Amino acid sequence: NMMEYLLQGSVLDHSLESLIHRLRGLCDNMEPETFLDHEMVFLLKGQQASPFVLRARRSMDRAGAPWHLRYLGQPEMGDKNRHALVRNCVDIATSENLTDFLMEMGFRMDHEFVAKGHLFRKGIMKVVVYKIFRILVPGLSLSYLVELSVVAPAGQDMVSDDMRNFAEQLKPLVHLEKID
Amino acid sequence: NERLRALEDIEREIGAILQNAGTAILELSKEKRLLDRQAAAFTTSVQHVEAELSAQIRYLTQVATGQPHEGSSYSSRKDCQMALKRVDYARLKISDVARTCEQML
Amino acid sequence: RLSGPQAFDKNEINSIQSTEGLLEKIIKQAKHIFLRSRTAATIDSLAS
Amino acid sequence: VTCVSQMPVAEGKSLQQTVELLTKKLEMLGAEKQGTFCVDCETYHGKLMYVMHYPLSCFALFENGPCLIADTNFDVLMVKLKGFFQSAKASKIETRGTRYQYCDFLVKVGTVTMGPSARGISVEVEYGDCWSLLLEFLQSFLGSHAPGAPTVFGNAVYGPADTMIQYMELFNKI
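Residue numbers (the UniProt record's numbering), protein chains in the order written: chain A, 17 to 155, 163 to 203; chain B, 8 to 39, 43 to 115; chain C, 404 to 451; chain D, 3 to 47, 60 to 67, 71 to 145, 152 to 178, 182 to 200.
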């Protein structure tokens, strides 16, 4: 039923102020904040030959927040000049229940990654800046990521033009686009 | 903060360069000492002012798309206003209690 | 979203949001007049 | 607490007649009505489902269950998990009924899920382990009841999903 319009964003590692101040100023929110979490992709597909990803992104800096998981894949060919995303389906989880259910039903951890950066929001949009590290479980590619994403029901792709205009607003700093 | 002072100094330097060029032209065309050095300094200052103007014009262009920095901490302003009003009401009540006590004694 | 892990039947599902506006000011004024009346009754019983 | 549900197979008059008799006894006890809290838990495969009231469909399949997925989270996940679990042939039904609240208490009657089933009673407690008061109240309700089998030797600290585990055990038992 629901859908998504997640757009990919990649800025140089040194260009940080021109992004943080512009996003804090143009139109995001009042009183911004940050975050920290690590993702755990999984896959359980024996004969179907379609590994379904289950990102159990748990916020390590959160006070027992649920392991909000999302399923994304199979980008729909809409050709609406949008972020070229697919339908999304969020799913909350309990404390250590994601790993528990992954072990019960049977899953294979494809990889593990951690993220850390600042947070931003919008009206019907959402942009996030963070940095990915490559380290063991106890604790980088030198490239930040602007996570301009939209998650909403199908509707009529009205938010696509708004997201395109918002990206054109931040054109002097970055240049968002789709991905394969 | 510093960009404002930079632009102000650039404008003052452009004015001083114009004045120095005028004075150098006057001293050189009056009769024929330091006119050569004066003209060299005037040309150098004019070039420096032009370079500073070009650099200031070639700024990062923060937004140029909409009204930026929306929201001037109005919540904090209202909170401070309410705190001041609370202090004023407390002062008025304290003065009333003091008047009552003075009328008592 | 806390209703996911800690599934509350009807407590938090109703406590997540409630009405406000004029009812709150009305309740506050009712409490004010009630406290005033109670204090006046106590003072009158003391003076009597 | 988490009081497990039993399956008293009453007979003589009728199943609906026995349910009405239990409801009349509960009303004579002095319990008011508090809406119809129809619980629903459908098995699947060794998956499961849950609609126990609460906008969170928390399918405790195994390993004590997560019991955290939203009312639409686990449902959309199972709908999208087509071809992964191909044991949807054996369906599963669910009971319903009323829900009274005498005082810090709750009672739920488990009617016929698909049509063959007994009147499954179910109760709760106020704080929580603390079975003296629970049994003292249950004995005044009917006769043969209170099987038990809680999460003993745990201290969990009043496990809320224990009710779901008891419901799943009862549904598998009938």
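Note that beta-carbon positions come from the ideal geometry of N, C-alpha and C, so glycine has one too.
- Between the C-alpha atoms of residue 39(D) and residue 139(D) there is a straight-line separation of about 12 Å.
- At a Cβ-Cβ threshold of 8 Å, residue 123(D) and residue 141(D) count as neighbours.
- Per the Cβ contact rule, the stretch 121–135 of chain D is not in contact with the stretch 86–106 of chain D (fewer than 3 Cβ pairs under 8 Å).
- Here residue 66(D) carries a coil assignment [DSSP, helix/strand/coil].
- CA-CA distance, residue 47(A) to residue 198(A), rounds to 26 Å.
- Neighbours of residue 84(D) across chain C, judged by C-beta separation under 8 Å: 408, 410.
- The continuous stretches of alpha helix (DSSP H) do not include residue 129(A), which lies in the beta strand (DSSP E) extending over residues 124–135.
- For residue 64(A), the chain D residues whose C-beta falls within less than 8 Å of its own C-beta are 100, 101, listed in chain order.
- Neighbours of residue 110(A) across chain C, judged by C-beta separation under 7 Å: 408.
- In the structure shown, residue 105(A) adopts extended strand secondary structure according to DSSP, grouped into three states.
- Taking a C-beta distance under 8 Å as the contact criterion, residue 118(D) and residue 33(D) qualify as a contact pair.
- Within the same chain, 51, 131, 132, 133, 134, 167, 168, 170 come within 8 Å of residue 146(A) by CB-CB distance, once the 5 residues on both sides are set aside.
- At a cut-off of 8 Å between beta carbons, residue 441(C) makes no contact with chain A.
- Membership of residue 197(D) in any beta strand (DSSP E) is not indicated; the residue belongs instead to the alpha helix (DSSP H) covering 187–199.
- Close partners of residue 94(D) in chain A (Cβ separation under 8 Å): 87, 105, 107.
- At least 8 Å separates the beta-carbon of residue 60(A) from that of residue 103(A).
- Per DSSP, the continuous beta strand (DSSP E) segment holding residue 175(A) begins and ends at 174–176.
- The DSSP-derived three-state label of residue 77(A) is coil.
- Counting of Cβ neighbours within 10 angstroms places residue 111(B) among the exposed residues, the total staying below 16.
- Looking from the CA of residue 53(A), the closest CA among 65(A), 181(A), 128(A), 73(A) belongs to 73(A).
- For residue 42(A), the secondary structure class from DSSP, reduced to helix, strand or coil, is coil.
- What residue 192(A) touches in chain B, judged by beta-carbon distance under 8 Å, is 73, 75, 76, going in chain order.
- By the Cβ test, the stretch 18–26 of chain B is in contact with the stretch 50–69 of chain B, since at least three Cβ pairs between them sit closer than 8 Å.
- Rounded to whole angstroms, residue 433(C) and residue 440(C) show a C-alpha spacing of 10 Å.
- From the beta-carbon of residue 79(B), the residues of chain A found nearer than 7 Å are 41.
- For residue 113(A), the number of other beta carbons within 10 angstroms of its own is at least 16, and it is reported as buried.
- Residue environment analysis places residue 74(D) among the buried positions, since at least 16 neighbouring C-beta atoms fall within 10 angstroms of its C-beta.
- For residue 44(B), no Cβ of chain A is located within less than 8 Å of the residue's own Cβ.
- At a cut-off of 8 Å between beta carbons, residue 416(C) contacts chain D.
- In the DSSP secondary-structure assignment, residue 127(D) is bridged to 137(D).
- Exclusion of the five residues before and after residue 36(D) leaves 116, 117, 118 as the residues of its chain whose Cβ lies within less than 7 Å of its Cβ.
- Around the Cβ of residue 70(A), a 10 Å sphere holds 16 or more other Cβ atoms; the residue is buried.
- Put simply, the stretch 18–27 of chain A touches the stretch 95–109 of chain A. At least three CB pairs are less than 8 Å apart.
- Looking at the DSSP output, residue 185(A) bridges to nothing.
- Contacts between residue 71(D) and chain C, judged by CB atoms closer than 9 Å, involve 406, 410, 411, 412, 413, 416 in chain order.
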